[PDB]
Amino acid sequence: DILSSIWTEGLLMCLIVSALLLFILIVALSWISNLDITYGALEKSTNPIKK
Amino acid sequence: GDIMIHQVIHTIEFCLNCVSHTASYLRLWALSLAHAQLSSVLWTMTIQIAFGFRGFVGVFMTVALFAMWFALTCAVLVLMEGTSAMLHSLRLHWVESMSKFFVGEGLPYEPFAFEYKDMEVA
Amino acid sequence: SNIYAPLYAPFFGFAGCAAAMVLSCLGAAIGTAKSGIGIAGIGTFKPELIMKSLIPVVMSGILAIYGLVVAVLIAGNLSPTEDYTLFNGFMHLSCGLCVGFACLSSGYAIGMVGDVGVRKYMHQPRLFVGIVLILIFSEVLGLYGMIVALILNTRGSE
Amino acid sequence: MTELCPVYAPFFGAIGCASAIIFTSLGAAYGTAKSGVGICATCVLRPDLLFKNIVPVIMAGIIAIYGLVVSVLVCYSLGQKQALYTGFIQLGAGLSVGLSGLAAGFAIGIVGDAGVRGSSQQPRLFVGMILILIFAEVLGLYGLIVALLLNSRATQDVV
Amino acid sequence: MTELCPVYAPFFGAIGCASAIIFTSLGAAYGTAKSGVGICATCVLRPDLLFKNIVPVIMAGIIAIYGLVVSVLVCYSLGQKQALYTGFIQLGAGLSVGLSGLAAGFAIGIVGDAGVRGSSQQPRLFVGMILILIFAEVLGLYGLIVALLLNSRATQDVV
Amino acid sequence: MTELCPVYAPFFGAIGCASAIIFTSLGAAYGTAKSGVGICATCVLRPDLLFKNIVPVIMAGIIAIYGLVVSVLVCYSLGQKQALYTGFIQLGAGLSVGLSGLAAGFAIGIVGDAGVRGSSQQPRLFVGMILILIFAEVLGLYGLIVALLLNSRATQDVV
Amino acid sequence: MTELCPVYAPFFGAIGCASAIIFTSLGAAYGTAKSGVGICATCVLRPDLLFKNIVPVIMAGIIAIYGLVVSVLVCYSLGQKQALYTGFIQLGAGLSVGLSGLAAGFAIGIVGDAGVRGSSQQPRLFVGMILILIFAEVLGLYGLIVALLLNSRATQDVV
Amino acid sequence: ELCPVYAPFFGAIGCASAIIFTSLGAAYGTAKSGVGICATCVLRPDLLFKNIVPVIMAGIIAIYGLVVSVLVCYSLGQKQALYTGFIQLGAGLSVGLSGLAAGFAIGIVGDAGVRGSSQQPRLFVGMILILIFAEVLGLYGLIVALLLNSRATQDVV
Amino acid sequence: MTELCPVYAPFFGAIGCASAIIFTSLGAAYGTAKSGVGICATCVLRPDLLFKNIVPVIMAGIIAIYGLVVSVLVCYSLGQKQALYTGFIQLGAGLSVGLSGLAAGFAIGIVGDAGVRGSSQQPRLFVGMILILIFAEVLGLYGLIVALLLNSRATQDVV
Amino acid sequence: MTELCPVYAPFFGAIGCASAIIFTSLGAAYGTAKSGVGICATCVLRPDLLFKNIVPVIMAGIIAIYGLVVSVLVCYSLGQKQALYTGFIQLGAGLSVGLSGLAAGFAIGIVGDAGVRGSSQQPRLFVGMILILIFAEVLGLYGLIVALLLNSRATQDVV
Amino acid sequence: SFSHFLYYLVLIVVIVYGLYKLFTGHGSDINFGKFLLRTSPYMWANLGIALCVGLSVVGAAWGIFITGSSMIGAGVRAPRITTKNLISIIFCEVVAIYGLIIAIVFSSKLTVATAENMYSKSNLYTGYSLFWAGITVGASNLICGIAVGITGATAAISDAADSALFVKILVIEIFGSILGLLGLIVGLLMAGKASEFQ
Amino acid sequence: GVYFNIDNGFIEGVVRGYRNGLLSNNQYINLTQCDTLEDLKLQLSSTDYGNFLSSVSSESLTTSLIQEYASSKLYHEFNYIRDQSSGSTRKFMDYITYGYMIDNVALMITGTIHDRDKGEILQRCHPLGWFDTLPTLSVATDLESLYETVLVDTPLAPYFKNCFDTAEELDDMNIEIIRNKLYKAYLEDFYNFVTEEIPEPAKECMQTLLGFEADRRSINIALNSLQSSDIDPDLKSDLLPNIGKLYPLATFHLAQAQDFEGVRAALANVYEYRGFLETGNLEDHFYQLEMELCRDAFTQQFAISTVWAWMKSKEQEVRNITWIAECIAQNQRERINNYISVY
Amino acid sequence: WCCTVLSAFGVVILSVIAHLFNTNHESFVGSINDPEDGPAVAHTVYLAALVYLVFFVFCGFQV
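Residues numbered from 1 in each chain as written, not as in the entry; some residues may be left out. Chains lettered and ligands numbered in written order. Part of a larger assembly, values for the part shown. Heavy atoms only, no water. Residues with missing side-chain atoms left out of burial classes, pairs and counts.

Naming follows the PDB entry, where chain C appears as V-type proton ATPase subunit c' of Saccharomyces cerevisiae. For the record of chain C, the UniProt heading Function (literature references left out) holds the text "Proton-conducting pore forming subunit of the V0 complex of vacuolar(H+)-ATPase (V-ATPase), a multisubunit enzyme composed of a peripheral complex (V1) that hydrolyzes ATP and a membrane integral complex (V0) that translocates protons. V-ATPase is responsible for acidifying and maintaining the pH of intracellular compartments." Turning to chain C, the UniProt annotation filed under Subcellular location states: "Vacuole membrane". (UniProt positions renumbered as here; feature names shortened; annotations may be inferred.)

Chain B carries the name V-type proton ATPase subunit a, vacuolar isoform in the PDB entry, which gives Saccharomyces cerevisiae as its organism.

So, in structure tokens, the structure goes:
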């Protein structure tokens, strides 16, 4: 009943859990790094009618 | 001291720059090998094929292959890598030599003189 | 234990039922969301057509009901004290993939068709019969996968 | 489970009978969505052409019919023991009909959108449109023939 | 079973039989979609050319005919307990013809779209456009002939 | 099966034989498609250049012929009990010819397209077209030479 | 097969022999394609420079010749019972010449394109274009050097 | 046991990559520099010779790749220890990817420098200095490759 | 290495502890950054609302509190010879609270930014804003209570 | 290689200690980059606040200080004859502190950039900057407490 | 696309590995069944619970901000919509309610097992049941929250125009929430047959 | 369009709320029967505009003041939305702004060919196409100096480098060639940007609507060039927008056309434009089609195209208000029903 | 004019390499991989030098 010695069942569980963890981490970083600041409300535009 | 900020950056810059130039001195080796084995391969694949079977057609074969070898040896080598090693030996004098004692820029001296420039076109 | 019924077959059966339910829900939600886009788009101008044009939302709900029926009629005949052939496990997996992907296809089709048809129903009213006809075609598309799912389970449990 | 007929043999057949209806449904859904977009966007201007432009939707649904037929036949051909050979053969049949129907559905959707645009443009265009659409349907028909032949070949000589 | 004839063998034959029509169908679908967009764009304006400019779709269907022929030949040559060699040679023929047909369909679709756009204005361009279509078609013909040669090598002198 | 002639050895040969027509078919198809786009986009104004500016299509066909020659040469060398060494050699030869032909087809497509668009206005661009397309198709010719040397080595002094 | 001469040893050698010609052909094709676009667009206005601006095309041909030489020399060294050491060396040489030639083709195609567009209005930039093309060519030349010296080192002192 | 048959694989891949990655880096550098030069020298032919410098001292990266490749392959062996192969692979990767980074930097810095020098010539020295500091990256990669391969046969058993 | 207590059992507990703070910190940082951008955009024109619009930042901080509490409780429930049961309960609690806190922080940030931009216009939107923010915070609270229940159950009948 | 302390235990310790500075440095670098972009954009018009709006960079550096201190405290307990348990614990500490610091760095960078752009136009906003930015910092702080607790749990009663 | 090329690379690598294992004659070595059997059922059960509650909350919060951003955007001109439209938030948070209920129910079926019991038939059944029920609930409520949030945003936009539009559009969100209710029912049903690990 | 609300949900909500403020047909009918301009202001105050115009006296009220104040409110709203936008949405609105920055820079090169006056041009330069360096661009006396002032440091760089040379625009007329070719390049660039960096359905409801913009530009070019034979067709081909339903097949015949009959033959070629120019004036039918496309842009919910639809709808709504105000002040009430309302 | 200096150096180079080949020198011949056959290759290189001298005469007659 011994599965591939290199990829033991414990190591398989470790790597599938780590793959799920890294997938969640990559999704979260894809969302966070997608943040952009609404520059317009911050910078002072010299538009005469904006002011 | 008030010039301590300049002194510390000068000191760290000097030590790291000395080790950097001493390392950069290895690309004289690098260019030497580049030239040596590049000439080796060019000769091996032009003149070591020129003789061929030494037949009547072999005469034309060696003529054409020596023509190609000379064209490459000039245009590729002495122009391209000749200028490359010229400019690299010049990089020596830009950075490694002058950064040690070239204190800074000075006013160029251009006296008011004629030069007979633009004989026909300008 | 008999070799034809390994211990990991419930994994395959429950993967089938899970895929069935989840992906039928996904297709139904895509359909109902895009249909809701269309409904809210036409509501501002011609609100009187909302009740008549609500059909795609009900159709997506019917799609979800198809998915639920398949999922429950898979999950009914699975227990830890009963024999469970790996054949039955793959039959339930095939059932789940069948219904899930088929209802996802039909849900996407209902979503797009309902969106465009409802948005263009504001312009002239005769489009409603064509919209409902195309929607019936798109939902019987998922009904085909539903029928395949039922026949697959009935063959597997036998 | 004999080495001709292993315990995991029915997995291939299950995946085949799935993928058949799956991929035919994908193709039918894409074709129906594209054609319905065209119909609902052009019948606003020419409402009298709707029951003529509806034909692409029917021909897209024919792909779903093809997948339904293949899946039903494979479901008949399944069995706990069966053969590994039957597994591969009906997997091939399912994948063949599914992908052929998916290609047919893509082609039907694109050409149906274009022809439904052009029908209100020119009434005579419809005969050429339906000819092109038949030529696209023959793709799904070819896939149906291949799947049927594979299913027939699957069982007759297994042990 | 035997090393030369393992039970895993018919996988390759079934996949070859499927792909030989799957990929030809994908190519024919792409060609028919592009050609149909071209037709429903042009023949709106000059409906008297919908007879003449239908042949790109015709040869796109011919590609699927190649796929059908090779697929049914493989299916007839299929069988349980076949030599593993037969499985690989059939899969090789199937992929060869299928992807050659896919490339041919890509070429036919693109060149047919361009040619029908051009011929909507200039009629004399039709002969050159059909000749380029013939080249794109003989691409798939090469695919068919190599598949047929592999099929011929598949049967005989094999244990 | 012995270690030098294992059962899975014909895998490499079959995949090589398939790819030797597949990849060259994609190359020839892309070249033909883009050349046809160019000629059908610019020949509508100048039909007189239709005969002259079709040469990229013929050269793509010649690339396809290269692939077919390699494919038939390898197909005449497969066998159930063939050496693994052969299998790898004709796989490498198939990849070499196919991908070299893919590159050549890409180059000829791009260059023939740009060339016909340019040469519509300027007649003497055609000689430059011919020269550069020869220098592009010698890519497929070089791939052909590599494939021929590999195939000729495959069957020699092999056990 | 012994420990140092496995049955799968010729894999690396054959795929090195191939990958050399594939990747060099890809680089040559990319360079030829971009150079051809440039030449056509630049000498449709100024056709007298056709014979001159063609040089990057021949330079890409020289890249192809580099790949051909590496492949033909590696092919002869290929052997049935060759040491796996020789297989790894041949694979390394093939990759080292092929990818280097692909990069050289990338660089020379971009430079040749842009330079021939520049030379349309200003003629003295030709010499600088030639020099930069030589500096791009020397990269493929370095790939040739490394591949040839590995190939020579492959066979000598082998079990 | 310390000498697997697959040990030369790592050395062969290191030798290959040492020229591969450096060739790609130098190729991108030369491509960007050349397009910049020929985009600027159309409006100013005479400064061509001075503006060529990005191409030369980007191709220095390919020179480094070649020299590492030769000094690694001349340590390849049929009976080389797994450790020799791994050290050769490490040196090859180091030089190749360091040269790739240097090629990226040199390419775009030289592009910016030639665009700037198209206007006024005093930017010449500054672009030289910046691209020196870019090429020193391939220099450090050469250093690492040299020391690794020097150790690669120190006390091999 | 007990059968019930494998040496790698502490993996799941340790990684659950790490993730319980990692994902909650990711969500809290997203919420705080988005809310801070919203505040900087809304009180640059009306800095009188600075004291009010800060609350979503505090809610993101409370999400971070949930993550910290779960992580420290897992720390206290973390050992060397603990069974796979305990390690997996710690993993499950960590993943549950981490995903819940990440989503809660995401919603808090986005709603807070949109809301403060609205409240720049409408003063009475702040009740709705706090209401929706509490509804979002209850999600992280739900994750916290789930992790609490698991961890409190993690020492029931351990070996 | 005892079961409790495998020879590959130091993988987890080394990777945890490495990541503890890697991810914290990535977060700090992103924070300093965005904040510095904001500073160079704002202080060009308002150089008076150059020394005042510098604090986002200050606590972005404090994030890297957290990374340094956690890595150093991990190094104090990293050894050869270490149990898989304690190696995994210090890996978990490394990941926790690194990813919490990375989140804090993202939040600090975005908040500080927005704050400097706003505070170029509103003195009253700087207090809101400080509050929001301390709230961003404290998340990485909580990650630091998590890592410290894991390290404190990584040394006692280990075999 | 570097990511897409990476996906194609990993796919071709796994296909090549499978082909190598099959060709060598050890194709049976890659046994998915053996992998399922030798994994502790606690892994499946606890991942099921964790992803159940986590994905339910993820869908809930996703829909919440989708509807909330639009609610605030439409509330700048029509302040009256917030109270009448918080029903959208309720229907979007009820999916998190479902996730919490199923998580706490599943926690009951999580017990210890003896050395022989660990991999028993009932133990494996329970582990896999909890896993797939958790996935079903989590994903079903994820897409439920997505649909409910989109519909609630549309309802906010419409209620910015008139209240009758909201009253008529609430049916769409009702069915969207019925999606998650169906997920609740089916997950609870497929997990009811599972007995605890004892 | 599920991801759309992560960054633009609030903006979409505010834009839809503004859309709920668009004048309905009943509002337009009420404004039509206004006796005088002051009564028009009084009845308009009942709408979302409210007391926007109460800052000026009744006797000082005029149609120009009506346009100025209503367009100022429009520009305030747009600037607010842009200031509260982020990322690709901000770039899209920036593109919109470039759409009028084209006109402002074209107006600014006028008065630089003949540097008679400045400052008053800046006052006349409407703020929707404003950029920060425009005041700096004002001081540049020489045309070339202004050219490099706009060739760099302005978003006008790609269009100017696309088809212009620093000495070329001296000969070219500002209206006939300079502004029209700049609109051309703007339309190809904007259509490309939409095809690259936009989500569905905002995709389609941008390509169709920008194609309509290109088509109206092409029709105006074709029907204005016939009166001036100095424009040779090849330049006209270089002037046509290269995008839209007309391209490829129709725009070539429009370029080669040399009379009204030829333009008619090449124009009724496509569907949407039979009888489009045969009856009435181009402007009214073009605005009606623009309103139809905008209405559709509002049928979509989760599409960033609602910003463009709101912009064009509100601009034509203020144009309708000004048309009614003129028909009342000029007492030309016989053609007051030329306003176009689709709400 | 280009052929002038090319042939100028070619005559000398061909003559010297021919002399080395005819002298049976280690650095050029003797090794197995070398062509050996010193007299034959030397005669061929003599002929190459002769034809380059012919090109010299032909090109220089234009001066």
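Peer 1: I would appreciate a short explanation of the overall build of chain C in the present structure.
Peer 2: Across its full length, chain C carries five helices and zero strands. Its helices and strands taken in sequence order, chain C reads α-α-α-α-α from the N to the C terminus. In terms of overall dimensions, chain C has a C-alpha envelope of 65 × 20 × 15 Å along the principal axes. Of the contacts formed within chain C by residues at least 6 apart in sequence, a portion of 85% connects residues at least 24 apart. (Helix = DSSP H or I, 4+ residues; strand = E, 2+ residues; numbered from the N terminus. Contact = heavy atoms within 4.5 Å.)

Peer 1: Sorry if this is basic, but what is going on with the UniProt feature "transmembrane region" in chain C here?
Peer 2: Residue and element names in this part refer to chain C. What UniProt calls "transmembrane region" maps, in this numbering, to residues 9-31, 54-74, 93-114 and 127-152. Segment residues 9-31 splits into 100% helix and 0% strand. End C-alpha atoms: 33 Å apart. Segment residues 93-114 splits into 100% helix and 0% strand. End C-alpha atoms: 31 Å apart.

Peer 1: Any chance you could explain helix 2 (residues 55-75) of chain J here in plain terms?
Peer 2: Residues and elements named next belong to chain J. Counted at 1.5 Å a residue, the expected span for helix 2 with its 21 residues is 30 Å, and the 30 Å between its end C-alpha atoms agrees. Of all the residues in helix 2, the buried ones are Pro56, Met59, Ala60, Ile63, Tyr66, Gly67, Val70, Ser71 and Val74. Mapping the buried residues of helix 2 onto a view down its axis gives an arc of 145°, with all of them on the same face. Taken together, the buried residues of helix 2 touch helix 1 (10-42), helix 3 (84-119) and helix 4 (125-153). (Expected span 1.5 Å × (residues − 1). Buried < 20%, exposed > 50% of the residue type's maximum accessible area, 1.4 Å probe, protein only. Arc of directions from axis to C-beta.)

Peer 1: Can you walk me through the interface of chain D and chain C in this structure?
Peer 2: Put simply, an interface is often sized by how much accessible area is lost when its parts join up. The interface is formed by 44 residues belonging to chain D together with 41 residues belonging to chain C. Of all the elements in the fold, those that place two or more residues in the side of chain D that touches chain C are helix 1 (9-42), helix 2 (50-53) and helix 3 (55-77) of chain D. Tallying contributions element by element places helix 1 of chain D first for the side of chain D that touches chain C, with 20 residues. Residue classes in the side of chain D that touches chain C are distributed as 35 nonpolar, eight polar and one charged. (Nonpolar A, V, L, I, M, F, W, Y, C, P; charged D, E, K, R; others polar.)

Peer 1: Explain the interface of chain H and chain G to me, please; I cannot follow it from the model alone.
Peer 2: On the chain G side, the residues contacting the 41 residues of chain H number 41 residues. Carbon and sulfur atoms supply 84% of the area that chain H and chain G bury against each other, a total of about 3300 Å² over both sides. Linking chain H to chain G there are zero salt bridges. Scanning the region where chain H abuts chain G turns up four residue pairs in polar contact. Elements with a contribution of two residues or more to the side of chain H that touches chain G: helix 1 (7-40) and helix 3 (53-73) of chain H. Looking at side-chain class alone, the side of chain H that touches chain G contains 32 nonpolar, eight polar and one charged residues. (Buried area = accessible area lost by both parts, 1.4 Å probe. Salt bridge = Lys/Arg side-chain N within 4 Å of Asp/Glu carboxyl O. Polar contact = N/O pair within 3.5 Å; in protein donor to acceptor, adjacent residues only side chain to side chain.)

Peer 1: Explanation requested: the pattern of salt bridges in the structure shown.
Peer 2: Two side chains bearing opposite charge may form a pair once their charged atoms approach each other closely. Summed over the entire model, instances satisfying the criterion amount to 30 salt bridges over all chains. Here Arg117(I) ties to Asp113(I) by a salt bridge, and the two come within 2.4 Å at their closest N and O atoms. With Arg117(I) and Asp113(I) both in helix 3 (residues 84-119) and four residues apart, this pair spans about one turn of that helix. Residue classification places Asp113(I) among the buried positions, given a relative accessible area of 7%. Of the charged contacts in the structure, one is a salt bridge between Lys181(L) and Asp238(L), with a shortest N-O distance of 3.3 Å. With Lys181(L) in helix 10 (residues 174-196) and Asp238(L) in helix 12 (residues 233-239), this pair connects stretches of sequence that are 57 residues apart.

Peer 1: What should I look at first to understand a negative patch on the surface in this one?
Peer 2: Taken together, the side chains of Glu176(L), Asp230(L), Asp232(L) and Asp234(L) make up a negatively charged region of the molecular surface. Inspection of the secondary structure assignment puts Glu176(L) in helix 10. (Patch = residues over 30% accessible without salt bridge, like charges linked within 9 Å, V, L, I, M, F, W, Y side chains within 5 Å. Areas by Shrake-Rupley, 256 points an atom, 1.4 Å probe, with all protein chains shown as cover. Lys, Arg positive; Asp, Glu negative; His and termini not counted. Charge placed at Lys NZ, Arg CZ, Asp CG, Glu CD.)

Peer 1: When you look at unusual backbone geometry in this model, what are you seeing that I'm missing?
Peer 2: Leaving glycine out, the prevailing phi sign among residues is negative, and the prevailing peptide bond configuration is trans. With an omega of -5°, the peptide bond between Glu200(L) and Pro201(L) qualifies as cis. Along the polypeptide, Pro201(L) turns up in the loop between helix 10 and helix 11 (204-225). Not every positive phi belongs to a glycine, and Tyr116(B) is a case in point at roughly 55°. In this structure, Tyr116(B) sits in the segment after helix 3 (56-101). If you check the backbone angles, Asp153(L) has positive phi at about 65° while not being a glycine. For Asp153(L), the position within the fold is in the loop between helix 8 (143-151) and helix 9 (157-163). You can call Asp153(L) exposed: its relative accessible area is 66%.

Peer 1: Please explain the nonpolar core as it appears in this structure.
Peer 2: One recurring pattern in soluble globular proteins: nonpolar side chains tend to sit buried together. Judged by nonpolar contacts, the single largest core of 491 residues is most densely connected at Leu26(I) and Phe92(L). Setting aside residues up to four positions removed in sequence, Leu26(I) forms contacts with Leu25(A), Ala28(A), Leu29(A), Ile32(A), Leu102(I), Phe106(I), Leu99(J) and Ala103(J). Within the second largest apolar cluster, 182 residues are counted, among which are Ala154(F), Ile54(G), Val55(G) and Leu76(H). (Core = buried A, V, L, I, M, F, W, Y, C linked by side-chain atoms within 4.5 Å.)

Peer 1: Quick question: what am I supposed to make of empty space enclosed by the protein here?
Peer 2: Its boundaries defined by the atoms lining it, the largest cavity holds a volume of some 140 Å³. At the level of secondary structure, the elements contributing two or more residues to the lining of the largest cavity comprise helix 3 of chain I together with helix 1 (5-19) of chain L. Residues belonging to the lining of the largest cavity are distributed by class as follows: five nonpolar, six polar and five charged. (1 Å grid on protein atoms, 1.4 Å probe; cavity = no way out; pocket = protein on both sides within 12 Å on 5 of 7 lines; lining within 4 Å. Points joined across faces, edges and corners; volume = space filled by probe spheres on them.)

Peer 1: Got a minute to help me understand the packing of helix 3 (residues 55-75) of chain C against helix 4 (residues 86-121) of chain C in this structure?
Peer 2: Describing two packed helices takes the angle between their axes plus the distance from one axis to the other. Residue and element names in this part refer to chain C. Between helix 3 and helix 4, the least distance of the axes is 9 Å, while the angle of their chain directions is 175°. Comparing the axis directions of helix 3 and helix 4 gives the class roughly antiparallel. Facing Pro56, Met59, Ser60, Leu63, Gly67, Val70 and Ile74 of helix 3, the residues of helix 4 in contact are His92, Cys95, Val99, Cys103, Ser106, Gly107, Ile110, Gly114 and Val118. Considered class by class, the residues forming the contact of helix 3 with helix 4 number ten nonpolar, six polar and no charged. (Axes fitted to C-alpha atoms, helices over the stretch in contact; angles between N-to-C directions. Parallel < 35°, antiparallel > 145°, perpendicular 65-115°, else oblique.)

Peer 1: How should I be thinking about the side chain of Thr322(L) in this particular structure?
Peer 2: All names here are of chain L. Topologically, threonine 322 is positioned in helix 16 (residues 305-329). Among the polar contacts listed, one links the side chain of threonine 322 to the backbone oxygen of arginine 319, at a separation of 2.6 Å. Leaving out residues up to four positions away in the same chain, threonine 322 has contacts with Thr63, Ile66 and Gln67.

Peer 1: I keep staring at a nonpolar patch on the surface and nothing clicks. Help me out?
Peer 2: Residues and elements named next belong to chain K. Taken together, the side chains of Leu6, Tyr7, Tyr8, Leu9, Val10, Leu11, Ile12, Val13, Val14, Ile15 and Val16 present a nonpolar region at the surface, about 1100 Å² in accessible area. Secondary-structure assignment places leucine 9 in helix 1 (residues 2-24). When its relative accessible area of 48% is taken as the criterion, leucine 9 is described as partly exposed.

Peer 1: Would you mind showing me how to read the side chain of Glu139(C) here?
Peer 2: Checked against the element boundaries, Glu139(C) lands in helix 5 (residues 127-157). There is no salt bridge for the buried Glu139(C), and the closest opposite charge comes from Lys52(C), which lies 18 Å off by N-O distance.

Peer 1: How do you make sense of the environment of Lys34(J) when you look at a structure like this?
Peer 2: Residues and elements named next belong to chain J. In this fold, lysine 34 is placed in helix 1. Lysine 34 sits 80 residues away from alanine 114 along the chain, and the two C-alpha atoms are 9.2 Å apart. Filtering out sequence-adjacent residues up to four positions away, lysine 34 remains in contact with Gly109 and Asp113.

Peer 1: Would you take a moment to explain the environment of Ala109(C) for this structure?
Peer 2: Inspection of the secondary structure puts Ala109(C) in helix 4. A residue is classified by how much of its surface remains accessible, and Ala109(C), at 0% relative accessible area, is buried. If near-sequence neighbours (up to four positions away) are discounted, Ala109(C) is found in contact with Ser138(C), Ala29(D) and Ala33(D).

Peer 1: Help me out: how do you make sense of the packing of aromatic side chains in this one?
Peer 2: Remark: the centre distance and the inter-plane angle together describe each pair of aromatic rings, the angle taken between the planes. Summed over the entire model, instances satisfying the criterion amount to 85 aromatic pairs over all chains. Between the aromatic rings of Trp31(A) and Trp62(K), the centroid separation amounts to 5.0 Å while the plane-to-plane angle is 85°, which identifies the pairing as edge-to-face. In this pair, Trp31(A) sits in helix 1 (residues 9-32) while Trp62(K) sits in helix 3 (residues 41-75), so the two residues belong to two different chains. We note that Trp31(A), like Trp62(K), is buried. Here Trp31(A) and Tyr3(L) contribute two aromatic rings whose centre-to-centre distance is 6.1 Å and whose plane-to-plane angle is 65°, an arrangement assigned as edge-to-face. Taken together, the residues span two chains, with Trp31(A) in helix 1 and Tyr3(L) in the segment before helix 1. A cation sits over an aromatic face here: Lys312(L) above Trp308(L), 3.5 Å from the ring centre. Positioned above the aromatic ring of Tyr287(L) is the side chain of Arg319(L), whose terminal nitrogen or guanidinium carbon lies 4.2 Å from the ring centre. (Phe/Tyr/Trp six-rings, centres within 6.5 Å; stacked < 30°, edge-to-face > 60°. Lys NZ or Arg CZ within 6 Å of the ring centre and 35° of its normal.)

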